[PDB]
Each structure stands twice: as structure tokens, then as C-alpha cells.
Amino acid sequence: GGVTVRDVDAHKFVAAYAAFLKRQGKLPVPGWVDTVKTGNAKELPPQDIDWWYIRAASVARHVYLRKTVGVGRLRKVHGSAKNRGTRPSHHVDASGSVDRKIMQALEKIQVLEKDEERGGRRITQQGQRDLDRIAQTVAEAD
Amino acid sequence: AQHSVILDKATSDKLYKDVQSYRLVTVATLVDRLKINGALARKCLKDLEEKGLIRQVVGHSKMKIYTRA
Amino acid sequence: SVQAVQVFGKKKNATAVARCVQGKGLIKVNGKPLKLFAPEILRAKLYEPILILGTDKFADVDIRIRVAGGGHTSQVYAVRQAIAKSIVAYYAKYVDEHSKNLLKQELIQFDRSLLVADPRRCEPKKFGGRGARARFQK
Amino acid sequence: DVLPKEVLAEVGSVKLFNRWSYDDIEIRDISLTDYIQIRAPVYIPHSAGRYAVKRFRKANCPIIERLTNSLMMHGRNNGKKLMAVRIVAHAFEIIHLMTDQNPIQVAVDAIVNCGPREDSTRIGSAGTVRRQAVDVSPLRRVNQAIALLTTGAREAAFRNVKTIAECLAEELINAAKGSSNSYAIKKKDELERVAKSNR
Amino acid sequence: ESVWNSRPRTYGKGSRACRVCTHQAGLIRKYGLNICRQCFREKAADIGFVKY
Amino acid sequence: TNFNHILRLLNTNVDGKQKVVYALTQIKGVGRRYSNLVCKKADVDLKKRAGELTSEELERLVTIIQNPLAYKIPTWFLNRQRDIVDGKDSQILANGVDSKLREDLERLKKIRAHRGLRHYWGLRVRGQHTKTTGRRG
Amino acid sequence: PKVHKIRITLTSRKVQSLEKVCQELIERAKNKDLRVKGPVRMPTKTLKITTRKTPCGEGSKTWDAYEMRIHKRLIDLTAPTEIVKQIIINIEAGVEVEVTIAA
RNA sequence: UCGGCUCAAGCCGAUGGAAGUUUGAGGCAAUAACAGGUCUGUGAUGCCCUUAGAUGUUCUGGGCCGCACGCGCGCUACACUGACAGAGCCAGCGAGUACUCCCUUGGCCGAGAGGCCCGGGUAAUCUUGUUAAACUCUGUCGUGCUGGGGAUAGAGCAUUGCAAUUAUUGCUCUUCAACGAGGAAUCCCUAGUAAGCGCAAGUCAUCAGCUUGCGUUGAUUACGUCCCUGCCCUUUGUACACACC
Ligand SMILES: [Mg+2]
Ligand SMILES: [Mg+2]
Ligand SMILES: [Mg+2]
Ligand SMILES: [Mg+2]
Ligand SMILES: [Mg+2]
Ligand SMILES: [Mg+2]
Ligand SMILES: [Zn+2]
């Protein structure tokens, strides 16, 4: 039959790809974990330990669905409202360094490459083959 | 008002001889009559589900309800 | 030549354009399958035009739809409105109307809104929606 | 393939709600029909109808959404039908387990029994009340009954360890019979008693 | 001695004024009018402002 | 059964029925963020209450509390700079914040600044409106 | 005689004159055996301004909103540079024209 | 076009039609008037006054925000119909480059606020698909004024402006008040309406709890009457005409 990315639920798929990336277990970390705010609008760090890995994987999911995307777009995609006190809330963006470096490290894993001809970063030939192989690994797992 | 966060044998014994007769078991029921904390009640739901005595009807991230088998 | 029909559906601000091409019984929505593109509880509000009619009547029909603008419930109302017109236009244009008339009558007796849109928009005013500012001592 | 395996069980049979059927409707009384609409089944309550244009358009309308609309009040709960529909469905699931009868089977008897039959009217008397103790029409009876159940659930669950998921559920089973320990009955008996005194 | 107007005026209010009659309170600069609203209303019609 | 529903750290009592991360927040001078950092960096499971821990790991938390900078944490995350004309970083605690708050008042009183004078009279020091504020004296 | 793929842009406040300007231009151009491209329909540009109607601030508070509409109506042609000079003659008041060789 | 009333004027419903309630909402909108507001919008204006020790103009500094108290228009709240953490992911109306930089993509540095370097747009072309909020799924917390609530204040780091103290504002750590649906009284409202939530523009070097518009989700009950507080026509009474103050 053959399956693709569209054939699987996004929420359960992202958990499956995080578990798969556990088995390789090789993505550089500059020690930013457990200290960053992950966003100005936010107030508490995530409880779960592999939040950096689910987030890096989620960044690769959305870059898989868009043709050209940059740090500014991921900056405002993950933003939310902030409780400013007695003032009404607004919309502000998340932290920049965490989202920039979490996908800068994703280049050297051979998942996505630069798009200097017009800008941003796009998905690569052999990079998509990993998510394609995991599509069949999860689809008939049902 | 305050409940117990730990489960001792004095509370353990009521479960394995009473849960065979409840029609519904929920976090509200445990905090109501077992006089236990809500977090301990949710743990009591999850350890007891896997031993194979109760079955899932509907599951959700905010409230979960269980009945007889 | 190739058998195809084009339909479109509208809502308050949700536009759902549809392409019906003679196929083999495949349904896909916005790229995503029908399992995904909806809120979890309202996914039921997608299956009625199929279940009330029967899967056996979707033997050789393929539909591709793009929808944008509005909100989640506007989008699901646009797609549920577009499906009825796509199927009735394909059957009316390309096959005997013995099916078409029973499809149309049974579907509209179950729900009239499948063929007509509901007009509702907002009205501007110089104090807000319909309420004025607070008054001091009447 | 194109349909889920769950709904494939019921698609072969007549169209109905997936979990529960709409057959075997009560035979208990009269004068309340023609205002409760069950001839057209609906899968989910949510619907964008046109029932607020004329006087009696709400008479031909499925009951379940009307309960959902009355369930959401008090400022904060405006526009959240996604939350309301799940809560009401879960309430029917909860009430189904304490009684083998259909949740709509219990719900209909719950509404039909908690409706007041007399009420006191306000006639001016220059500072006094000439309460004439008029009767109540069936449509107003069901309209106020829904309000009493919803405000009873909201008041009971307010500042309590219980949650509205089963807080709403418990009144339907309580009100199914003459329990007399529910909020709706508390308002109901006081209204007939004050009408009886003020006749 | 010629320092009697040493205050620079290129900064917010005071560096701009109404065209028709000098004024600095509530002046519209959007879309490059730089005219007072009171002076605006009598001469609106000719400029092309209308109602619908 | 060593579950003692009472603890005593730095002249204050804390409860044991509630979680470890918020147990340290009870003592004055520490918030949620700092407690989150110290509880994560002490290698303690967050799923157990403050009473289910053992003795040996209890002191090394308060040693971190008294000496913050020695365990590779940022300087801006602390709560003290410029103790005197030349200053060092510090992380002050429950009795410390209470002790430290008073002396700054009469010191700046000695230099006799306007803000200190406002403090001295007790009227609001930060410039703020008064037609509907502070109607208690 | 080298073709330059001319394009001319239009702007005006009123709407009726421009329509007959294009109506006469298309017939003036088709008869000379020139390949003509249709009169595309550019979006109308609506502009709004809000100010207080009263000049002093007394009494009740009420506002009025002035507005303005603009049309563009772009047209292009494929022809040499010198030919369009005699093809763009006889224009009336109000309508302004801007020429772009687009070489 | 048709049904059920009437000689007529007229009203209600259905089918084609989205509609027929005047399809919905607006702009403009009678005679005669107020000792209503404005000389502090105007090089519109009578009279009076000061006019070189100037009430003209201009520069420095401060004030219009100063606080025992009563009142109005608003914002966040009094929690489980909740808070917190990860994931899923849907709009519209508008705005943008000078004789000096205006909205701003992409790349790098930077906890954060920010900094540096190429580049696009005088604009259905680039910002912008403005992938906003609400909302949905999976977990933590468990009724305790607690992880609801954020007043008050200390220390540190930045941008804007000639100049930031009575901090302009933003960011990091810490301090963790009152507040359990609120008395006598009182305002607004009939379907994409009330309420919940955000966005665009204005004043602006920077600051929105303000106003004018735009969009997402979208309700209970009535389709009446003149009882209170008011309006219109006729008959009627008057010792009122500055007119029941
Ligand atoms: Mg408005
Ligand atoms: Mg008039
Ligand atoms: Mg003067
Ligand atoms: Mg507290
Ligand atoms: Mg602004
Ligand atoms: Mg008389
Ligand atoms: Zn002027």
C-alpha cells in the first residue's frame, strides 16, 4: 500500500519519533537545558526531561510542511499570551536562542539544509527518508 | 479537611476487599470516602488498573472514570 | 474525456473550494486524511453526509478540497456544505438522475442547510456591538 | 476504510446516536408532547439552527442542544460548546452506568417530573400583591425546568471537591423519581406551596 | 548674542503647526495633511472628502 | 515508617505532605524558579513528597542555598549585588532578607535623600496618584 | 521598429472617465493590428479617516467617518516605443497617465 | 406566482430565489427656538486694558502627577465550568522609505530585554499565508484564601530621546497585601445579538488600562402592554402666560 507523513496522527507520531531518536542518542547540547525560559510569555520550565528533543523534533515537523521558514517564523509560531499583571494580555514571542540553536544543531544530523539561494532552511533528500521510514514503522504498528 | 498523601496497610486493606462492589470509582470518590489526597487517588487508579480487575470506559487527560469488569 | 466537476462552498469568512474527479473511492481533506482535519469531538460532524447515503454510492468518486479563512467550525461547516453540492453536481451532470433525485430529497429532508447557505454577518456601530456607554444618573 | 470501524457497526442498522438508541420512548403522560422534539434524531447536539427568528421555532428543536446552551452561564462560560458537548455526553455516560435504562430514558422522566404546574403572578395593589396564582404553560414549564437543573449543578459544584462531570449527572438520576432532596424540587415545592397559600 | 533661539525644534510638538492658521494642539499629520481639524472641516469638501 | 509531617530548615517549619520543589518555597527569601533549579540540580525525583527523602541528601541542598555560585549557576539569577562601594554576588535567605531590609533605610536616611525622606514620613515613595489610592491613613 | 512591451498606469478619483478612456483606447489600438491584452481589474483602494464632528467638545460625544475610493485599472500592450505616443492622445481632465517602457 | 382575510386601503405564510421584517444596517433629514457651549481653532469680530519696569516674543528651572476624604467611566480578580507544562492549529479591516532612514525578510551573537551583517518593498509583487487570541489533545496540581489573585518594594541588565530623579518603558531574581459573587441604590440589551477573546488605525522618538473600526467562538426568555418614568392626537377645566420649580 505505502504510507507517508499525512497518514499518521501528528501528536502520537511526534512521541514515536522522539522514542526513535532516543535510540540514536546523538544530538549536541550546549548545556542550555534546565536554565532557559523557553519564552518571555511563559513562566515555568517544562517538567518532562526530553523537552529539548520533542521540541527539536517538532521544529523538524513544521519545516517538513513549509517550503521556506526562518528563525523569526519559529519565533512567533511558539509564542503565546503573557500575564502582564493588571493590564490586559497581549501576544509576545518566545525565546530566540533556544529555537535558533535547536534547529542549528539539526543541520549536522543530515535532516535539513540551507536555502541560501532565497533564504531560510529547507528539507533535504536523504533527510526526508528518515521520517518516511518511520512513517511505515508507525502506520502498520496499529 | 487535610487528607493523607501516603497509603498504609490501614488504607490498603479496604481497597482489595471493597473495589469489587463499587459501580464507579473516581478521584472524587476516593478523596470523598477514602479520606486520601487527590494525587494519591490518581496513583491508586493507575497502579490498580494494570493488575486486571477494572476496565476502561472513557479516557481523558483531565478526568478519568472506571467501573467493574 | 475525463469526468470532473468543480464546486465551491462559503461561510461567514470560510471558503472551501472542491474538485470532484472520477476516481476509485478516495477521500482526502486539505492534504490531511479525514481522520485528522477536525476537532476531536466534531469529527462526527463530517461523516453524516456519507453515512446517511451509504458507502456503496462512493465507488468511483474522488474529491480534493482546499479551505481557508474563518475558524474551525466555519471550516467544518464549509466542507460539510461543499460535499453535498459536489456529489449532486457530479451525479446530475454525468449519470441518470434516478439516484440524484432520491439523494437530494432524502438529504434535504434530513437537513435543508446542505443546499443553501446561512447569511449572518456583523453590524458596525459607533459604541461597540449594540450597547452604549454607562450613563451617570439616567 | 473511509469509515471508522466503530461507526461501521451502527451504519448497517438505522441511523441513531452511536452510543445509544432513540427507540422505546416513554409512555407516561400527555400534554407535554408536541413541544419536545424527537422525531428527527441528531448525532451531536451542536448545530447552527435558525430557531431564534419567530415565536415557536424553538418548539421544533432537539432537546440536547437546548440543555447544552442552558448549561453554560455566569460570564466565564460563553461560547464554549466544545467543552459543553463533551461534558453533557460524559454526564449521559455516567448516568448510564447507575441504571441500565437509556440515558435519554431517564432524562425525559427527569424533565417531565420537575416542572411546576402553578405560579404566582404580580398584580399591583399600591404596595400590596394581588397574587392570582395562575397556571404555567408546558413550554415555560420545560424552559424553567432546564434552568433549575443547570443552576442546581452549578451551585452544587461551586466550591466543592466534586467536579461538574458527575455533579451534573447526579441530579438526573436524583430527579428521575420523587427523591425530594434535589435543588429543583426545593424550588418546585415552594412555588406550588406559595401559590396554594396565595389562592 | 545670537543664541536667543538656541533651542532646537525637530522633536515632537513645537516643530510642527497647522498650515492655515498656526496651532499645535491636536494636529493630524497622518497622510500628510498637517492641518487643524477645525480648519479641516470647512475646506474638506473641495479637497475631496465626502460621506457615503 | 520515617514519614515525619514536619521539617525544620533555617529557623522555619515546612510541611512534608506536599511536593519537594514547593517545599523549599515555603521559607522566606526563595521563589519557584530558584527552587526549581536547586531541586533539579540536586538529582531528586520530583514525583515524591518532601517527607519521603532521606537525611544525607537534605544538607547538600541547603549548602547550595548558602553558597550558590560554586555550582555553576549564573550571576544574574542571584538576589544581591553591590553590598558596599565594591560588591560581590550573594543569595540571601529568610532571616537575611528581613535583616537586610531595615538597614538600607536608615543608611540612605543618613545620606538624607528625597526617597529616604518619603520612606521616613511613611508616605508613598514612588511617585504615584492619590485621589483614589491608599485610603487607609 | 523594435517592440518594447509597453505598459501604462492610470489613477483617478472619479470612475466613469477611466472606463471610457480604456474603451476608446482598445478600439484605437485593435484596428492597427496590434496584439492587445485585456483590461485587468485591479482592486479598489478604500481609505478612511475618523475625527470628531463637533469643534468644541460640549454635549454628547459623536463621531463621523470620511472615506475615499481609488481605482487603478492597469493595461499593457506589445508595441514599439514611438507608436504609443500617437495612441495615447486626446485625454481629458482629471485622469493622469504614467508611461513605463518596461524594456 | 400562490394560500387563508377585506369592495377598497392593508397585514401574515409558502414555493423559484439568499432574502422579501421596508432583505439588514447607515448617510442626509421640517417651522419656530435655548440668554446651551466656544473670543483658549482661525490674519472671523465690537468695546475696554497693558503697549519697552511689556499681558508681545524668547531662554533656564519647577508645576499642571502635589494628599486625613466623598463621587464617575474602565482593567485584572475572588478559582476545579480552575491553574500549570508539552503538543495540535484557524481570521479580517488596515499601515510602510526622507533631503533622512519608515514598516522590516534572511544570517550570526545574545538567558531575556537587545546587538551586528546582506537583502526586499514608494507597495494584490516585499513585510504578510500578518499560520493572533480563543480553542483542541496529552500530563502535573487537588478546595487549603494553596501552584487562584499580583498590590507594594530591593538589586541587576537594555533600547528611545538634548535631558529618564517624583524611576518613560522593557527584561532577570526576590518581596506574595486586600479579595469567597458584594448593602440601600443603579446602567445596557431582541440573532452572528449579549457576554468571552484578540487584531488594525489615531494621539506617538518610547509608553493603552483610551477612542474609532476589524475579525474568531456565539447563548436563556418575550414577539406583549401603558403599571413607574416619558412621547403623540382629540374632548374637557383653570384665578396659570417668567406658563405647577
Ligand atoms: Mg463599532
Ligand atoms: Mg426635525
Ligand atoms: Mg502670555
Ligand atoms: Mg501565596
Ligand atoms: Mg498605539
Ligand atoms: Mg371645575
Ligand atoms: Zn489652522
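Residues numbered from 1 in each chain as written, not as in the entry; some residues may be left out. Chains lettered and ligands numbered in written order. Part of a larger assembly, values for the part shown. Heavy atoms only, no water.

Its PDB header attributes the entry to cryo-EM and lists the resolution as 3.2 Å.

Participant: Help me understand the overall build of chain E in this model?
Facilitator: For chain E, the count of helices and strands is two helices and zero strands. In terms of overall size, chain E is more extended than a compact globule, its C-alpha atoms giving a radius of gyration of 15 Å where 52 residues would be expected to give roughly 10 Å. Expressed along its principal axes, the backbone C-alpha trace of chain E runs to roughly 55 × 15 × 15 Å. (Helix = DSSP H or I, 4+ residues; strand = E, 2+ residues; numbered from the N terminus. Rg over C-alpha atoms; globule rule 2.2 N^0.38 Å.)

Participant: Help me understand the interface of chain D and chain C in this model?
Facilitator: Bring the parts together and some accessible area is lost; that lost area is often taken as the interface size. Between chain D and chain C, the contact holds 13 residues from the first and 15 residues from the second. On the chain D side of the interface with chain C, the three residues burying the most area are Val 2, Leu 3 and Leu 82 of chain D, jointly 35% of the side's total. Run the count over chain D and chain C and you get one salt bridge. Between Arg 50 of chain D and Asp 118 of chain C there is a salt bridge; the shortest N-O distance is 4.0 Å. (Contact = heavy atoms within 4.5 Å. Buried area = accessible area lost by both parts, 1.4 Å probe. Salt bridge = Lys/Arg side-chain N within 4 Å of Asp/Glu carboxyl O.)

Participant: I would appreciate a short explanation of empty space enclosed by the protein in the present structure.
Facilitator: Over the atoms, a rolled probe matching the size of one water molecule traces out where space is still vacant. All names here are of chain F. Inspection of the entire model under this criterion finds 15 cavities of 30 Å³ or more. Along the walls of the largest cavity sit 20 residues, with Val 20, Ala 23, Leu 24, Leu 58 and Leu 61 positioned nearest its centre. Broken down by secondary-structure element, the contributors of at least two residues to the lining of the largest cavity are β1 (7-9), α1 (20-23), α2 (32-41) and α3 (56-66). Per element, the largest residue contribution to the lining of the largest cavity is four residues, and it comes from α3. In terms of residue class, the lining of the largest cavity is made up of 18 nonpolar, one polar and one charged. (1 Å grid on protein atoms, 1.4 Å probe; cavity = no way out; pocket = protein on both sides within 12 Å on 5 of 7 lines; lining within 4 Å. Points joined across faces, edges and corners; volume = space filled by probe spheres on them. Nonpolar A, V, L, I, M, F, W, Y, C, P; charged D, E, K, R; others polar.)

Participant: Looking at this model, I keep getting lost on the interface of chain G and chain E. Mind explaining?
Facilitator: Listed per partner, the contact involves 13 residues of chain G and 11 residues of chain E. Between chain G and chain E the total buried area reaches about 1,100 Å² when both faces are included, carbon and sulfur atoms providing 51% of it. Here chain G and chain E share two salt bridges between them. Salt-bridge contacts for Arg 41 of chain E lead to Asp 64 of chain G; the nearest nitrogen and oxygen are separated by 3.1 Å. Between the two partners, chain G and chain E, sit six residue pairs in polar contact. Within the residue set of the side of chain G that touches chain E, elements represented by two or more residues are β2 (45-52) and β3 (63-70) of chain G. (Polar contact = N/O pair within 3.5 Å; in protein donor to acceptor, adjacent residues only side chain to side chain.)

Participant: How should the nonpolar core be read in this particular structure?
Facilitator: Side chains of a nonpolar character, in soluble globular proteins, are inclined to be buried together. If you look at the biggest cluster of nonpolar residues, it comprises 27 residues, and the most contacted ones within it are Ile 65 and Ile 87 of chain C together with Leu 3 of chain D. The biggest single contributor to this core is helix α2 (residues 72-94) of chain C, with eight residues. Excluding its chain neighbours within four sequence positions, the residues that come into contact with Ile 65 of chain C are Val 17, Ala 18, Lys 28, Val 29, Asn 30 and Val 79 of chain C. Of all hydrophobic cores here, the second largest spans 25 residues; its members include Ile 94, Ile 95, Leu 168 and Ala 184 of chain D. (Core = buried A, V, L, I, M, F, W, Y, C linked by side-chain atoms within 4.5 Å. Buried < 20%, exposed > 50% of the residue type's maximum accessible area, 1.4 Å probe, protein only.)

Participant: Would you take a moment to explain the environment of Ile 27 of chain C for this structure?
Facilitator: Tracing the sequence through the fold places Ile 27 of chain C in strand β3 (residues 27-29). Spatially, the C-alpha atoms of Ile 27 of chain C and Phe 8 of chain C are 16 Å apart, while their sequence positions differ by 19 residues. Once residues within four sequence positions are removed from consideration, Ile 27 of chain C is found in contact with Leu 34 and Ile 63 of chain C together with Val 2 of chain D.

Participant: How should I be thinking about the sheet that holds strand β4 (residues 61-68) of chain C in this particular structure?
Facilitator: Sheets are built from strands that pair by backbone hydrogen bonding, the pairs being arranged parallel or antiparallel. Residues and elements named next belong to chain C. Taken in spatial order, the four strands make up an open sheet running β1-β2-β4-β3, and their pairing is mixed. Because the sheet does not close on itself, it has two edges, and the strands there are β1 (4-10) and β3. Averaged over all pairs of adjacent strands, the angle between their axes in this sheet comes to 15°, without regard to strand direction. Two strands pair when backbone bridges link them, and β3 and β4 are joined in this way by three bridges, in the parallel orientation. Pairing of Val 29 across the sheet is with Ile 65, part of β4. Strand contacts of α2: β1, β2 (15-22) and β4, with the helix running at about 150° to β1, the strand carrying the most contacts. (Pairing = 2+ DSSP bridges. Axes fitted to C-alpha atoms, helices over the stretch in contact; angles between N-to-C directions.)

Participant: Even after reading the chapter, I still don't get the protein's contact with RNA strand H, so can you show me in this structure?
Facilitator: Taken together, 160 residues form the shell around RNA strand H, and within it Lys 37 and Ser 89 of chain A, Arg 42 of chain B, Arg 130 of chain C together with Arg 115 of chain F come nearest. Considering the 4 Å shell around the protein, atoms of RNA strand H inside it are sugar or phosphate in 73% of instances. A distance of 2.6 Å separates a phosphate oxygen of RNA strand H from a polar side-chain atom of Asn 143 of chain D. One of the backbone N or O atoms of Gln 38 of chain E is found 3.4 Å from a base nitrogen in RNA strand H. Class assignment of the residues belonging to the surface near RNA strand H gives a composition of 40 nonpolar, 63 polar and 57 charged. (Near = heavy atom within 4 Å.)

Participant: I would appreciate a short explanation of the packing of helix α5 (residues 138-157) of chain D against helix α7 (residues 183-197) of chain D in the present structure.
Facilitator: When two helices pack together, their arrangement is given by the angle between the helix axes and the distance between those axes. Residues and elements named next belong to chain D. Taken N-terminus to C-terminus, the directions of α5 and α7 make an angle of 130°; their axes are 8 Å apart at the nearest point. For the element pair α5 / α7, the angle class is oblique. Facing α5, whose interface residues are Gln 144, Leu 148, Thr 151, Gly 152 and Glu 155, α7 presents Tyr 183, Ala 184, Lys 187 and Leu 191. Here the residues of the contact of α5 with α7 are counted per class, giving four nonpolar, three polar and two charged. (Parallel < 35°, antiparallel > 145°, perpendicular 65-115°, else oblique.)

Participant: Just to check I follow, could you spell out the side chain of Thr 26 of chain B for this structure?
Facilitator: In this fold, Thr 26 of chain B is placed in the loop between β1 (24-25) and α2 (27-34). Here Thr 26 of chain B is in contact with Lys 64 and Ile 65 of chain B, once residues within four sequence places are set aside.

Participant: When you look at a positive patch on the surface in this model, what are you seeing that I'm missing?
Facilitator: A cluster of like positive charges, contributed by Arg 42, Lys 43 and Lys 46 of chain B together with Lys 19, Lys 40 and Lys 47 of chain F, occupies part of the molecular surface. Looking at which element gives the most residues to the positive patch, the answer is helix α3 (residues 38-49) of chain B, with three residues. Residue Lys 40 of chain F is classed as partly exposed on the basis of its relative accessible area, which comes to 37%. (Patch = residues over 30% accessible without salt bridge, like charges linked within 9 Å, V, L, I, M, F, W, Y side chains within 5 Å. Areas by Shrake-Rupley, 256 points an atom, 1.4 Å probe, with all protein chains shown as cover. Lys, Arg positive; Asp, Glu negative; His and termini not counted. Charge placed at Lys NZ, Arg CZ, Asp CG, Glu CD.)

Participant: What am I meant to see in the packing of α2 of chain C against helix α3 (residues 97-110) of chain C here?
Facilitator: Residue and element names in this part refer to chain C. Put simply, α2 and α3 touch, their axes get as near as 9 Å, and they point 160° apart. As far as their axial angle goes, α3 and α2 are roughly antiparallel. The hand of the α2/α3 crossing is left-handed. Between α2 and α3, the contacting residues are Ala 84, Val 88, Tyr 91 and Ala 92 on the first element and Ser 99, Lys 100 and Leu 107 on the second. Taken together, the residues that form the contact of α2 with α3 break down as five nonpolar, one polar and one charged. (Left-handed = near helix turned anticlockwise from the far one by under 90°.)

Participant: Is there a simple way to think about the pairing of β4 of chain C in this case?
Facilitator: Look at any regular strand and the pattern is simple: side chains alternate between the two faces of the sheet. Alignment of β2 of chain C against β4 of chain C, held across eight bridges, turns out to be antiparallel. Counterpart to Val 17 of chain C in the pairing with β4 of chain C is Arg 66 of chain C.

Participant: Teacher, can you tell me more about the packing of aromatic side chains here?
Facilitator: Two descriptors summarise a pair of aromatic rings, namely the distance from one centre to the other and the angle between the planes of the rings. Residue and element names in this part refer to chain A. All told, the structure shown has 12 aromatic pairs over all chains when counted by the stated rule. Centroid distance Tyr 17 to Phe 20: 5.8 Å. Interplanar angle 45°. Geometry classified as tilted. With a gap of three residues between them, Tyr 17 and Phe 20 both fall in helix α1 (residues 10-24), about one helical turn apart. Ring-pair connections join several aromatic residues into one group, and the members of that group are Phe 13, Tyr 17 and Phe 20. (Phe/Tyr/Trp six-rings, centres within 6.5 Å; stacked < 30°, edge-to-face > 60°.)

Participant: Can you help me understand the sheet that holds β1 of chain B in this one?
Facilitator: All names here are of chain B. Strands sit in the order β1-β3-β2 across an open sheet of three strands; the sheet is antiparallel. Sheet topology places β1 and β2 (55-58) at the edges, where each strand pairs with a single neighbour. Bridge count for β1 against strand β3 (residues 65-67) is two bridges, and the pairing is antiparallel. Within β3, the position partnered with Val 25 by the bridge is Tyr 66.

Participant: Where do I start with the pattern of salt bridges in this structure?
Facilitator: Should the charged atoms of two oppositely charged side chains come close, the side chains can pair. Across all of its chains, the model carries 25 salt bridges over all chains by this definition. In this structure, the salt-bridge partner of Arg 80 of chain C is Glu 48 of chain C, at a minimum N-O distance of 3.5 Å. In this pair, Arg 80 of chain C sits in helix α2 while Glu 48 of chain C sits in helix α1 (residues 48-51), placing the two residues 32 residues apart along the sequence. Accessibility expressed as a relative area gives 18% for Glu 48 of chain C, which makes it buried. Between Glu 123 of chain C and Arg 130 of chain C there is a salt bridge; the shortest N-O distance is 3.4 Å. Because the salt bridges share partners, they merge into one network encompassing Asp 115, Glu 117, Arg 118 and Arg 122 of chain A.

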